[PDB]
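Below is one structure, written out as structure tokens; comments come after it.
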Amino acid sequence: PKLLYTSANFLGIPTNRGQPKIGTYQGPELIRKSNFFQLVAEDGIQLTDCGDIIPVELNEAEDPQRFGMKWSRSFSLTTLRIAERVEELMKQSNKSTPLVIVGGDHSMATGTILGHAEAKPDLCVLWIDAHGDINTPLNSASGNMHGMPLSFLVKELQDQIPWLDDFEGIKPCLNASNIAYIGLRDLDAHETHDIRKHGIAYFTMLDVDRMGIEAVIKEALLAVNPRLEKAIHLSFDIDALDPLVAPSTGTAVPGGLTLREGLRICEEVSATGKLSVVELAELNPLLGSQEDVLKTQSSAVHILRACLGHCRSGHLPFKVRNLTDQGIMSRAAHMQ
Amino acid sequence: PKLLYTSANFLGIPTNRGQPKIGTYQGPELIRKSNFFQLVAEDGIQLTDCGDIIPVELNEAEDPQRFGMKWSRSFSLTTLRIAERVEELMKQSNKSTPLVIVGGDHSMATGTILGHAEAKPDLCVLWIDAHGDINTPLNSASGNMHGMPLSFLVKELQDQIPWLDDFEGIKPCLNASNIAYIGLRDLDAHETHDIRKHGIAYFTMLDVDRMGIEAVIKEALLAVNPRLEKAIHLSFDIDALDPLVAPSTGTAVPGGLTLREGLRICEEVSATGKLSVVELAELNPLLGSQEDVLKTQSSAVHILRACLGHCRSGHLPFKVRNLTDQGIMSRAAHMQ
Amino acid sequence: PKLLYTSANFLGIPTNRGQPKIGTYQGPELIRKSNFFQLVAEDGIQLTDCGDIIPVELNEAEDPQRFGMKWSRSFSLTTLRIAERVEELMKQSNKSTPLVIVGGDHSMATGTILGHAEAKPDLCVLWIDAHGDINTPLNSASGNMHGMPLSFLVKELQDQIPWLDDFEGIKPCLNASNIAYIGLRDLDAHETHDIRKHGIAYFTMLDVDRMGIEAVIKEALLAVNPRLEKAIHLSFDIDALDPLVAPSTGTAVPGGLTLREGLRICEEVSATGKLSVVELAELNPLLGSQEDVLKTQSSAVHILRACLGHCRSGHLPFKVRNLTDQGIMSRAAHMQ
Ligand SMILES: N=C(NO)NCCC[C@H](N)C(=O)O
Ligand SMILES: N=C(NO)NCCC[C@H](N)C(=O)O
Ligand SMILES: N=C(NO)NCCC[C@H](N)C(=O)O
Ligand SMILES: [Mn+2]
Ligand SMILES: [Mn+2]
Ligand SMILES: [Mn+2]
Ligand SMILES: [Mn+2]
Ligand SMILES: [Mn+2]
Ligand SMILES: [Mn+2]
């Protein structure tokens, strides 16, 4: 049996200061508690747990609202700490060794992409989400950083980002043409404006309905990675999936991707051989019932396994088993 | 941003005498308690709450069984009261101003369509339901009026409707060729007979499975509104949707439309520019768990928003926001 | 109204020694307690309840592990008892009279197919399951017989089956070319090996996603029954369906068939006119909540009804009802 990726790194980022609901910090543990590692090993992949990044969580006095943003300095400091760690992991592995990141609220993506791009400047981004996460600070109704992580990364948007000194090291490292969305269904008006104005490829649930997920995936890859020349940063918000399948998340929106559609995205991205980083955001084990958490954990594990190359059509055994070798009489042998 | 419909009317009809399970009278309140109105406003639509129609609910002595029908005189009197109110609302608005009606059990449709047709005689009807709701009184196993509302409206069926004096003012205002069903999966044998005999266009879940919802919608519109010349009466039974998505309803049937399929129907109907009335029937907040009710409410709100023109691919802002106008330094400006 | 099958037999097989979770023995009762029989009758089908097969359940001392298998002698003895009963039922009915079997864990299939093939040697098998159920004894991680029932039946696999005297009467009666799988998503590596090596037709959830269920069904029938010449043994594991739709089963796997996809398989198999036996395995009413059991029961009933020829597009009445015959005045007659 052949593998596109024989080894992989696992990294937890328990961000929770990007949105007000406590519990996203438990995301990484939700996956470590699962059978994820075991299942990955059974497919013949060597998965190294690289631990957790410690987010910077300032107190209220140190981090007051600035431009309506909540916890903006905890964000800039966390973003830089994340970027350093991801960069160093990606360069140590510069076949290929994918980095699997479990969050944590989606505000971590500013840091993960920043670091990733430092090691791989020509990357593209596939953003799987019910939301755009591209609100610029003055347009955000909530001030929640998890709704803004792309806005700081996109060059074309920098005239709508307020300057802050502590954000200086957060260099916009993405062109609008390097990003493609899949799964959108709850865009804010100003996000819609920016996405259309700057030509960001986007495939909403309407598109998934009309085109089918197979054509959507194909068109998304065509738009930002036409010849599979670029490393892929796959940023997967669990809330992209339907609430029936991933209820334990802070901003659930009805009419999402089926688990199967989610699997198809990850299977195809994996199969390009260009999956460089996959991050899974917005797991919150403190939301919903016990069964809700189990469903969400289960969905997340299947998604992540798909990213690493798990095939639903089965895998071949590494060693084929033979009855005769154990000194055992078969039915065929007995009849002969 | 442009809108097909800039204003709309909202009307509650808390019918509950069309079926035995208490709670459909709470349907209108379930939607008023939601964020429906707020969400409609945020899309730039002016929605006027026109209140509730008071159904006529006679006592047992005044309204005994007649031809097996339960509460048939409460029905005829309610039907006429509804018809008057809907007619007057539709004529006051004779662009275009859609009427959104929340029930209430589906027996209200005899009245809503009667009134609608008085103002718009050439209308067509799109009936989205797991059921035919076209049982004639002697064929009904239950005697529940919510299973008969179309039978009194269809001209071709009048030789199978028993005459009752109090039904005189309920004039059959529909031809069989003006109706198309989507979502059917639990037809009674005599409904199947009448539907096929009189050539009523129907697309069951089997058809949805084999054709896909996109082709079904297209064929349904082709059958009853080929050139978008006619006003559309969209009669949406919440039980058309799968029980996983709308559990809180009295006659739930497995294997229904996904929410997305339901949204596609409403999105396409809305986009014709001919949506004249949409009614949503059979919400029952007294059925199922608290979470069941929330799921059902949520599904209903998304469906109704789609009918009014909400786009899952986003809307443009009415006023585009500019950093410089507030006297704020952007990152781009700072770097220059 | 015409019927492909006017009569049918119903048989319970409460196997529970094929897997460790208590409750599959309650499967047959779960269906008898439903409205299944009534619904089948209302479609005009004569369904005869033929009772239950009593499985042989030895004690621990009489049935120790052999080749890692758990309860292997209870299995061989049960297999032979089942085979005798099914053979005798199929020969008594040698139009056509389908046998409907409700389990019981899937280990019963070795017996049902053995008996079926005795009466109909040229049969084909459609295996609807999340799992291959084709583990050979030394490759099974669990030793659970419900994961091995096909391995004893497939001729090409007999050099990997250990000989046991009490298994002598279990004659391999299937060629690898007579079997087609639909719904696979959790194959063990050695199953994948055997399936590919011996050319067993298989359509996994990946295939369902990429091809659509319509093409999958067509290709599955083409592979093992190209000209509808052969009797069909439809072996339906309830766990083939998504856990959202059939939670009450022992080895549930996310991302399964929708109920509608399951219905389409059974509808098409039924419509060939070659449905000879359908068995439904792995119902376990002792698993999950009360609502979970109700959902699972409901899904099972709809599936079974589809197998017997129930049409979601409706059925014609046997006697058409006429208003005038009862001495009743119609609205049409009154107006004339
Ligand atoms: N992490 C996420 N979505 O994927 N947060 C949701 C953001 C929703 C909303 N637009 C906000 O600005 O807060
Ligand atoms: N409102 C509805 N369906 O949409 N009621 C269901 C009617 C079911 C059944 N045929 C009856 O006559 O009572
Ligand atoms: N009846 C069933 N599946 O349909 N059992 C599941 C078997 C799973 C696993 N391969 C085992 O050998 O035990
Ligand atoms: Mn999101
Ligand atoms: Mn997000
Ligand atoms: Mn209905
Ligand atoms: Mn209805
Ligand atoms: Mn199974
Ligand atoms: Mn099975």
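Identifiers in the structure tokens: chain A, B, ... in order shown; residue index from 1 per chain; ligand index from 1 in order shown.
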Pick out the chain C residues within 10 Å of chain B. Count only C-alpha atoms. Give them as a VMD selection string.
chain C and resid 1 42 to 43 212 to 214 244 to 245 258 to 264 267 295 298 to 299 302 311 to 324 328 to 335
DSSP on the backbone, strand (DSSP E) only: what residues of region 20-105 of chain B does that give? Format it as a VMD selection string.
chain B and resid 46 to 52 99 to 103
Which residue, A:26, A:34, A:110, A:16, has the smallest gap to residue 71 (chain A) when you use only C-alpha atoms?
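Nearest to residue 71 (chain A): A:16.
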Which residues form the shell of 7 Å around ligand 1 when you count only C-alpha atoms and all ligand atoms, given as a count of residues only?
23
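Closest approach to residue 108 (chain A) among A:279, A:49, A:292, A:325: A:279, based on only C-alpha atoms.
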Among region 20-266 of chain C, which residues does DSSP mark as helix (DSSP H, G or I) when it is run on the backbone? Keep the chain and numbering as in the structure and answer as a ChimeraX atom specification.
/C:24-32,36-42,72-92,106-119,145-147,155-157,165-167,176-178,189-197,205-211,213-224,238-240,259-266
Name all residues at most 9 Å from residue 301 (chain B) (count only C-alpha atoms; drop same-chain ones fewer than 6 positions away) and give them as a ChimeraX atom specification.
/B:31,34-36
As a PyMOL selection string, please: the residues near residue 229 (chain B) (cut-off 12 Å, only C-alpha atoms, same-chain neighbours under 4 positions excluded).
chain B and resi 120+122-124+221-222+224-225+272-275
Å distance separating CA of residue 284 (chain A) from CA of residue 128 (chain A), one decimal place
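Distance reported for this atom pair: 17.4 Å.
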Test item: residues at most 10 Å from residue 22 (chain A), only C-alpha atoms, excluding those fewer than 2 positions along its chain, as number ranges by chain:
A: 16-17, 19-20, 24-26, 250, 284-287
With N, CA, C and O atoms retained, write the just-selected residues as a PDB file, in the first residue's frame.
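Written out: part_19.pdb:
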ATOM      1  N   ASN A  16      -9.238  30.999  22.515  1.00  0.00           N
ATOM      2  CA  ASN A  16     -10.591  31.182  23.033  1.00  0.00           C
ATOM      3  C   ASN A  16     -10.907  32.665  23.223  1.00  0.00           C
ATOM      4  O   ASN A  16     -11.999  33.022  23.661  1.00  0.00           O
ATOM      5  N   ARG A  17      -9.943  33.522  22.897  1.00  0.00           N
ATOM      6  CA  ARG A  17     -10.118  34.965  23.038  1.00  0.00           C
ATOM      7  C   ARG A  17     -10.567  35.608  21.729  1.00  0.00           C
ATOM      8  O   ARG A  17     -10.625  36.832  21.614  1.00  0.00           O
ATOM      9  N   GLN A  19     -13.578  34.778  20.460  1.00  0.00           N
ATOM     10  CA  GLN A  19     -15.042  34.731  20.533  1.00  0.00           C
ATOM     11  C   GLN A  19     -15.449  34.481  21.985  1.00  0.00           C
ATOM     12  O   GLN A  19     -14.677  33.900  22.749  1.00  0.00           O
ATOM     13  N   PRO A  20     -16.654  34.923  22.379  1.00  0.00           N
ATOM     14  CA  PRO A  20     -16.954  34.999  23.816  1.00  0.00           C
ATOM     15  C   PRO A  20     -17.337  33.688  24.507  1.00  0.00           C
ATOM     16  O   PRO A  20     -17.361  33.651  25.734  1.00  0.00           O
ATOM     17  N   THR A  24     -13.665  26.649  23.443  1.00  0.00           N
ATOM     18  CA  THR A  24     -12.835  26.335  22.281  1.00  0.00           C
ATOM     19  C   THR A  24     -11.418  25.928  22.689  1.00  0.00           C
ATOM     20  O   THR A  24     -10.732  25.244  21.930  1.00  0.00           O
ATOM     21  N   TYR A  25     -10.991  26.322  23.888  1.00  0.00           N
ATOM     22  CA  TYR A  25      -9.676  25.916  24.396  1.00  0.00           C
ATOM     23  C   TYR A  25      -9.616  24.408  24.644  1.00  0.00           C
ATOM     24  O   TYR A  25      -8.534  23.832  24.785  1.00  0.00           O
ATOM     25  N   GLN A  26     -10.781  23.769  24.694  1.00  0.00           N
ATOM     26  CA  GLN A  26     -10.846  22.327  24.904  1.00  0.00           C
ATOM     27  C   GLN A  26     -10.838  21.530  23.604  1.00  0.00           C
ATOM     28  O   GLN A  26     -10.813  20.303  23.625  1.00  0.00           O
ATOM     29  N   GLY A 250     -19.737  27.279  18.219  1.00  0.00           N
ATOM     30  CA  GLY A 250     -20.331  28.516  18.702  1.00  0.00           C
ATOM     31  C   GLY A 250     -21.275  29.275  17.788  1.00  0.00           C
ATOM     32  O   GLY A 250     -22.198  29.939  18.272  1.00  0.00           O
ATOM     33  N   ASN A 284     -16.128  23.199  20.124  1.00  0.00           N
ATOM     34  CA  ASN A 284     -16.397  23.628  21.494  1.00  0.00           C
ATOM     35  C   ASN A 284     -17.170  22.568  22.264  1.00  0.00           C
ATOM     36  O   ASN A 284     -18.401  22.528  22.214  1.00  0.00           O
ATOM     37  N   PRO A 285     -16.440  21.714  22.993  1.00  0.00           N
ATOM     38  CA  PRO A 285     -16.978  20.598  23.776  1.00  0.00           C
ATOM     39  C   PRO A 285     -17.857  21.054  24.945  1.00  0.00           C
ATOM     40  O   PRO A 285     -18.532  20.226  25.549  1.00  0.00           O
ATOM     41  N   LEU A 286     -17.842  22.342  25.268  1.00  0.00           N
ATOM     42  CA  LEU A 286     -18.697  22.843  26.343  1.00  0.00           C
ATOM     43  C   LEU A 286     -20.087  23.237  25.837  1.00  0.00           C
ATOM     44  O   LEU A 286     -20.926  23.689  26.609  1.00  0.00           O
ATOM     45  N   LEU A 287     -20.328  23.057  24.541  1.00  0.00           N
ATOM     46  CA  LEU A 287     -21.626  23.389  23.953  1.00  0.00           C
ATOM     47  C   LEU A 287     -22.397  22.142  23.537  1.00  0.00           C
ATOM     48  O   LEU A 287     -21.827  21.195  22.996  1.00  0.00           O
TER      49      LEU A 287
END
Would you list the contacts of residue 94 (chain A) as an MDAnalysis selection string, taking every protein, DNA or RNA residue within 12 Å and counting only C-alpha atoms, but skipping same-chain residues closer than 6 positions in sequence?
chainID A and resid 87:88 116 118:120 231 276
